[PDB]
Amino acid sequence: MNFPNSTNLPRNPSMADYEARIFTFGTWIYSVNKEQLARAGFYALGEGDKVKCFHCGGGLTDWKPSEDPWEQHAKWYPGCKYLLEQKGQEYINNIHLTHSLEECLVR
């Protein structure tokens, strides 16, 4: 499904600015907040609630009310350098431990 970009160089430079990302959404009806999405590096593709990160290229869909943009970014795209820059590895480990341990309690 395309490998995730793990370099310090964004895959989509045209979407590097917060403002550029914000425009891609338009009127947004979805449970997840467009400005929180833009902040977490995401821009809309115009395919329902599908977003992609400008940096890693990582795509995410089918946002539940309980699914946080930053947490999901870490969950599915842990190699993203934008994520590492913004949140730190301390945060990233926490999220990973949290989700890895969320699996324990469900089974």
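Start at 1 with the first residue shown and count on from there. Each form is matched to the other, and the largest set of C-alpha atoms that superpose within 1.5 Å is called the rigid core.
When the other structures are laid on the shown form by the rigid core, the stretch among 21 to 29 and 81 to 89 with the greater C-alpha deviation in 6 other deposited structures of this protein turns out to be 21 to 29.
Where the structures in 6 other deposited structures of this protein are fitted on the rigid core, 64 to 72 is the one of 36 to 44 and 64 to 72 whose C-alphas sit farther from the shown form on average. For the pair 26 to 34 and 49 to 57, the mean Cα B-factor is higher in 26 to 34. Judged by mean Cα B factor in the deposited record, 89 to 97 ranks above the other of 89 to 97 and 7 to 15. Split the chain's modelled residues into thirds by C-alpha temperature factor. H73 is in the lowest one. In the deposited entry, the Cα temperature factor of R39 sits in the middle third of values across the chain's modelled residues.
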